[PDB]
Structure formats: C-alpha cells, structure tokens
Enquirer: 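Could you have a look at this structure, given as structure tokens, before my questions?
Excluded from the calculations below are hydrogen atoms, water molecules and symmetry mates; all remaining heavy atoms, backbone and side chain alike, are included. Just so we're on the same page: letters track the sequence lines, and every chain starts at 1.
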Amino acid sequence: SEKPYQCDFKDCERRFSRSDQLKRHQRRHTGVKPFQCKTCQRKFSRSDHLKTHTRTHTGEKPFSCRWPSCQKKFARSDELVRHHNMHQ
DNA sequence: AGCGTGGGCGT
DNA sequence: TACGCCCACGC
Ligand SMILES: [Zn+2]
Ligand SMILES: [Zn+2]
Ligand SMILES: [Zn+2]
C-alpha cells in the first residue's frame, strides 16, 4: 500500500493513498468547515458528517436493534454496534 | 445515551 | 472531483 499524498503541515507526517483523503485530513489543521446545515446553520468539516447530523433534526433512526423484544433504534450504524455489543 | 469528528475505505 | 459507508474514540 503506497501513500503518495503527504501532509506537510508543521509537525505532521500523515500520508494518504488518495488526494481527497489528504484534503479532508488537512481541514483538521485549517479549521475549514465547507458544509452547512440548512436547518440550524451549524457548519461541518465533512459532508458525510453533515448528513448524519441532519438526522438529529428529524429523529430518523435507520438502524434497528435486532434483539428479541428490544425496540431501540439508532441514527448511525456505530451506535447500533455499541448497542448490540452491550446486549452481548 | 446521542452525536461531534477524527480514522479507514468503496464506488 | 462527487456521493456514500463502517470503525471507533471522546465528551
Ligand atoms: Zn496533517
Ligand atoms: Zn443542523
Ligand atoms: Zn436492543
């Protein structure tokens, strides 16, 4: 695995396989937040994170617990992972 | 718990 | 370039 896209910001040595991945990373250095919620006007570094953020406004929870008799559901897959882990 | 926000990665 | 995921830490 070769990673030709290197970060040159001070004290950073991160490198990446893709240019969009590098550019995404560099936003953590610059504080740039190109993506704005049209509901609450909060701004975000990443479009995918804006997308899941917007679910906060609708209560959309596409990830349902599969445990018998459990009615819990979640906005994000990782919430469901943590929840299923908890059921054990 | 709910979700911000890095990491990774596919298409 | 765009769109979209899963992983998983931390508050
Ligand atoms: Zn960097
Ligand atoms: Zn919002
Ligand atoms: Zn459950």
Enquirer: Is there a side-chain contact between A/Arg14 and the phosphate of B/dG8, meaning an N or O under 4.0 Å from OP1 or OP2?
Expert: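 Result: yes.
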Enquirer: Strictly below 4.0 Å: does A/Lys61 bring a side-chain N or O up to OP1 or OP2 of B/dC3?
Expert: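 Checking A/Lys61 against B/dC3: at least one side-chain N or O falls below 4.0 Å of OP1 or OP2.
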Enquirer: Can you check whether A/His49 stacks with the B/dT5 base, using ring centres under 5.5 Å and planes within 30°?
Expert: yes
Enquirer: Quick check on B/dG7: is either OP1 or OP2 less than 4.0 Å from any side-chain nitrogen or oxygen of A/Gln21?
Expert: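 False: A/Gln21 side-chain N/O out of range (4.0 Å or more) of B/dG7 OP1/OP2.
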Enquirer: Report yes if a side-chain nitrogen or oxygen of A/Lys51 is closer than 4.0 Å to either non-bridging phosphate oxygen (OP1 or OP2) of C/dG4; otherwise report no.
Expert: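 For A/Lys51, the contact criterion (side-chain N or O under 4.0 Å from OP1 or OP2 of C/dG4) is met.
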Enquirer: Just checking A/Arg42: base, sugar-phosphate only, or nothing, at a heavy-atom cut-off of under 4.0 Å?
Expert: sugar-phosphate
Enquirer: With north meaning a positive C1'-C2'-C3'-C4' (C3'-endo side) and south a negative one (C2'-endo side), sort C/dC9 into one of the two.
Expert: south
Enquirer: NZ of A/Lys61: more than 12 outside heavy atoms within 6.0 angstrom?
Expert: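 Atom NZ in A/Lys61 is crowded, with more than 12 foreign heavy atoms closer than 6.0 Å.
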Enquirer: Measure the spacing between NE2 of A/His25 and CG of A/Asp20 and express it to the nearest 0.5 Å.
Expert: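 Atom-to-atom, A/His25:NE2 and A/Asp20:CG are 13.5 Å apart.
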Enquirer: Kindly say if A/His25 contacts the phosphate of B/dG7, meaning a side-chain N or O under 4.0 Å from OP1 or OP2.
Expert: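 So the side-chain polar atoms of A/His25 do come within 4.0 Å of the phosphate oxygens OP1 or OP2 of B/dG7, strictly under.
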Enquirer: Return the value, rounded to whole Å, for the distance between atom NZ of A/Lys23 and atom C1' of C/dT1.
Expert: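 Those two atoms, NZ and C1', are 8 Å apart.
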Enquirer: Positive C1'-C2'-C3'-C4' counts as north, negative as south. Which one applies to B/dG8?
Expert: north
Enquirer: Answer with yes or no whether the side chains of A/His83 and A/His87 bring together a donor and an acceptor at under 3.5 Å.
Expert: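 Yes, A/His83 and A/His87 have a side-chain donor paired with an acceptor closer than 3.5 Å.
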Enquirer: What about A/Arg76, does its side chain sit under 3.5 Å from the base of B/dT5 through a donor-acceptor pair?
Expert: yes
Enquirer: Taking only the side-chain heavy atoms of A/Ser77 (C-beta and beyond), determine which of C/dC6, B/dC3, B/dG7 contains the nearest atom.
Expert: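 Taking heavy atoms from C-beta onward, the closest nucleotide is C/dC6.
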Enquirer: Which part of the nucleic acid, if any, lies within reach of A/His83 when heavy atoms closer than 4.0 Å are counted: base, sugar-phosphate only, or nothing?
Expert: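 The residue A/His83 makes no contact with any strand.
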